[PDB]
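Read through the structure below, which is laid out as structure tokens, and then see the notes.
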Amino acid sequence: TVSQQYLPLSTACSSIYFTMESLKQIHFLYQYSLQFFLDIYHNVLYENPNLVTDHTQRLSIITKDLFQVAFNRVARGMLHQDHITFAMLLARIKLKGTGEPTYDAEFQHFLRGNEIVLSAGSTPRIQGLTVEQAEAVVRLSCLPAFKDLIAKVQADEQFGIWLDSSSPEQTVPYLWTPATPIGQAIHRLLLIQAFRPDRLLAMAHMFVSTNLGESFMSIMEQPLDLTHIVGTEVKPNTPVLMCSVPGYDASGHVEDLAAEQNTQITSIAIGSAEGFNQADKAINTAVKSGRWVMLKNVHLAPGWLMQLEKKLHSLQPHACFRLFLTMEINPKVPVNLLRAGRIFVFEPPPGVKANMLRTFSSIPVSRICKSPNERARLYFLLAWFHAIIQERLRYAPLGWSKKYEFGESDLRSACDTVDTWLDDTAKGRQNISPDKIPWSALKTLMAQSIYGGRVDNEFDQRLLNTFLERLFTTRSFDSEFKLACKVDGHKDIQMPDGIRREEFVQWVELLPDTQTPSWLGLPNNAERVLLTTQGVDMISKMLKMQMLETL
Amino acid sequence: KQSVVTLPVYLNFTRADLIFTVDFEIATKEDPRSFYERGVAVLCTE
């Protein structure tokens with residue numbers, strides 16, 4: 001009875017935990033202990049959505065919830081470059097766990113087809129395919145289901161658009177018997193890798209959408225919900241590790257959570273002997289009473305981190321007590337404390353939509369909603385400008401000549417200046433004409449002091465001034481103001497016509513999931529090499545994965 | 001001694017070594033704001 005009811009669940013259990021264990025061969029920031037995985041199980045089996053007294057479908061709910069929450073709790077502490085790899089591996093486990101023909105030969109060609117030997121001296125037609133495309137097609141021609149691809153490419157000579165140029169991830173030509181949709185996705189992914197390697201990430205994303213559901217990775221795009229995670233699913237003796245990339249931190253997030261939950265935190269900066277004594281005293285008092293304690297810049301004392309982890313393991317603390325450790329991602333952090341704690345990686349958000357969502361979540365509602373009624377539109381414009389100039393940093397050195405740090409502090413200063421100048425100009429009036437807004441004051445201040453203070457080059461200053469002059473006029477709040485031109489052919493991201501913060505948030509959420517650097521103003525081909533090398537990095541990480549399974 | 005677009009000339013593709021500025025002549029329908037935002041520049045070695 002137990003075998004025929006719950007064997008595949010246990011097989012998926014072992015596979016998922018050993019994927020989590022072998023996951024450390026990527027970035028060394030995360031090492032996961034078995035207690036983490038058993039906490040995931042005690043979340044799944046005892047916090048059950050649709051809690052439906054039918055075991056046959058209840059097991060399916062348990063398995064789906066297992067995959068979803070494993071991805072959630074593991075990818076909250078992983079860089080955005082590896083979310084696709086982890087989701088792909090989870091999809092591989094799900095595929096192996098189901099009547100589906102396991103296409104091991106096709107996955108092997110997908111992974112190590114680049115590393116396999118190919119023919120020499122074979123020069124196919126250069127009618128529409130370059131030498132590397134021809135080499136990839138020759139390498140893929142060894143698959144039994146894909147033999148007459150050389151014939152088929154000139155057979156469909158009119159298919160020079162869905163297989164070359166444009167955005168081929170949606171519709172792909174040619175054919176692999178009525179195939180299972182997952183098998184069609186696998187063959188189409190092989191075609192994408194062979195023809196257009198720059199769309200490999202999008203193709204893998206929609207493969208995961210077809211396999212584990214289209215809303216599998218939607219929770220990564222939303223801003224982090226620290227309140228529920230800290231107050232619900234974190235053990236009191238588990239330190240809340242908050243690792244972050246240079247240029248961005250989490251101390252403000254901890255202070256905001258402290259203010260919201262009405263819990264007092266003693267904040268200590270690590271690096272002095274008095275700081276160490278304060279940290280020990282605060283940790284002991286916190287264990288005795290219960291109030292939270294956060295240690296800052298923790299990565300500067302690994303020798304102290306060793307006995308910090310040992311002391312934390314050897315104590316039984318208060319119920320409502322949490323310890324936060326903010327640090328940068330460094331190799332000096334001990335793997336003991338990396339295993340003991342729970343890791344939340346903090347990085348610049350991916351995409352304009354996620355960036356503006358994070359900004360609007362960060363700013364409280366009472367700040368935006370205050371009189372006059374134009375403050376909401378001004379804050380929306382500021383958020384869009386901040387998101388655009390932050391997202392232009394990824395495509396360096398085209399977006400910016402230097403890798404600046406346009407962090408949250410600059411946005412906070414810009415919001416403060418906007419608020420103060422609005423309060424100066426409007427003497428408590430409910431509405432203000434768009435012509436009377438201090439546009440010159442805002443533009444000059446944010447071009448010379450707040451955002452342009454960090455700018456070195458005159459050309460970068462010119463670019464920032466161009467952005468500020470283009471965005472901070474809007475023909476004085478005219479309707480149908482074009483924020484950008486998403487596609488050269490008939491696509492403009494015009495201004496939302498709403499006047500309220502809720503309307504602005506609804507417009508932000510309703511932005512399409514697609515994004516190209518033409519949103520930012522860059523050429524659409526700026527991201528091509530980055531996406532190609534990121535797909536190659538994903539393939540290399542996967543080869544790192546399955547490797548564990550005279551001069 | 002005595003629209004137009006001021007294009008920087010960088011030494012290499014890293015664009016960290018500005019050398020000299022060039023004032024080119026724009027076409028009929030192109031726009032200097034688009035030229036600035038798109039990051040058009042001149043490379044010295046590539």
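Just so we're on the same page: first chain in the structure tokens is A, next is B, and so on; residues restart at 1 for each chain, and ligands are numbered from 1 in the order they show up.
Applying a distance limit of 8 Å to only C-alpha atoms, the residues of chain A near chain B read residues 397, 398, 399, 401, 402, 459, 462, 463, 466, 467, 521, 522 and 523 of chain A.
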Could you pull out all residues of chain B with a DSSP call of strand (DSSP E) and give them as a PDB file with C-alpha atoms, in the first residue's frame?
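Result written to part_33.pdb:
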ATOM      1  CA  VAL B   4      25.800  68.287 -34.670  1.00  0.00           C
ATOM      2  CA  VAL B   5      26.632  65.443 -32.288  1.00  0.00           C
ATOM      3  CA  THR B   6      29.723  65.366 -30.053  1.00  0.00           C
ATOM      4  CA  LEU B   7      31.045  61.796 -30.203  1.00  0.00           C
ATOM      5  CA  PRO B   8      33.740  60.741 -27.716  1.00  0.00           C
ATOM      6  CA  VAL B   9      36.693  58.723 -28.979  1.00  0.00           C
ATOM      7  CA  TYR B  10      37.718  56.008 -26.522  1.00  0.00           C
ATOM      8  CA  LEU B  18      38.725  59.233 -23.559  1.00  0.00           C
ATOM      9  CA  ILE B  19      41.119  60.656 -26.166  1.00  0.00           C
ATOM     10  CA  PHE B  20      39.448  63.472 -28.121  1.00  0.00           C
ATOM     11  CA  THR B  21      35.989  64.691 -29.086  1.00  0.00           C
ATOM     12  CA  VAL B  22      34.568  64.653 -32.621  1.00  0.00           C
ATOM     13  CA  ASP B  23      31.734  66.890 -33.843  1.00  0.00           C
ATOM     14  CA  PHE B  24      29.998  64.972 -36.626  1.00  0.00           C
ATOM     15  CA  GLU B  25      27.023  66.055 -38.744  1.00  0.00           C
ATOM     16  CA  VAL B  42      33.975  56.059 -31.722  1.00  0.00           C
ATOM     17  CA  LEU B  43      36.473  53.366 -30.764  1.00  0.00           C
TER      18      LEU B  43
END
Residues within 10 Å of region 283-287 of chain A, only C-alpha atoms, excluding chain neighbours under 6 positions, as an MDAnalysis selection string:
chainID A and resid 236:237 265:266 277 293:295 308 311:312 315:323
Within 12 Å of residue 213 (chain A), counting only C-alpha atoms, which residues qualify if same-chain residues fewer than 6 places away don't, as a count of residues only?
12
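Residues within 12 Å of residue 36 (chain A), counting only C-alpha atoms and excluding same-chain residues fewer than 2 positions away, are residues 17, 20, 21, 30, 31, 32, 33, 34, 38, 39, 40, 41, 42, 43, 69, 70, 73, 74, 233, 234, 235, 238, 338, 339, 340, 341, 342 and 343 of chain A.
The neighbours of residue 117 (chain A) here are the residues that come within 12 Å of it, using only C-alpha atoms and leaving out any residue fewer than 4 positions away in the same chain; they are residues 109, 112, 113, 135, 136, 138, 139, 140 and 142 of chain A.
The residue that comes closest to residue 194 (chain A), out of A:102, A:141, A:465, A:251 and on the basis of only C-alpha atoms, is A:141.
The closest residue to residue 97 (chain A), picked from A:15, A:170, A:361, A:154 and counting only C-alpha atoms, is A:15.
Interatomic distance, CA of residue 27 (chain B) to CA of residue 3 (chain B): 8.3 Å.
Closest approach to residue 507 (chain A) from the set A:353, A:291, A:332, A:296 is made by A:353, with distances taken over only C-alpha atoms.
Near residue 429 (chain A), within 10 Å and counting only C-alpha atoms, sit residues 371, 372, 373, 423 and 425 of chain A; same-chain residues fewer than 4 positions away were not included.
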Could you write those residues out with N, CA and C atoms, as a compact mmCIF listing (two decimals), in the first residue's frame?
# COMPACT_ATOMS: atom_id res chain seq x y z
N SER A 371 -1.17 65.66 0.03
CA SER A 371 -1.48 66.78 -0.85
C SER A 371 -0.20 67.54 -1.21
N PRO A 372 -0.14 68.13 -2.42
CA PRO A 372 -1.15 68.18 -3.49
C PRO A 372 -1.26 66.88 -4.29
N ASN A 373 -2.21 66.82 -5.22
CA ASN A 373 -2.49 65.60 -5.96
C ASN A 373 -1.44 65.28 -7.02
N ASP A 423 6.48 71.07 -1.25
CA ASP A 423 5.93 71.76 -0.09
C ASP A 423 6.29 73.24 -0.09
N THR A 425 6.66 75.11 -2.99
CA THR A 425 5.90 75.77 -4.04
C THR A 425 4.41 75.81 -3.71
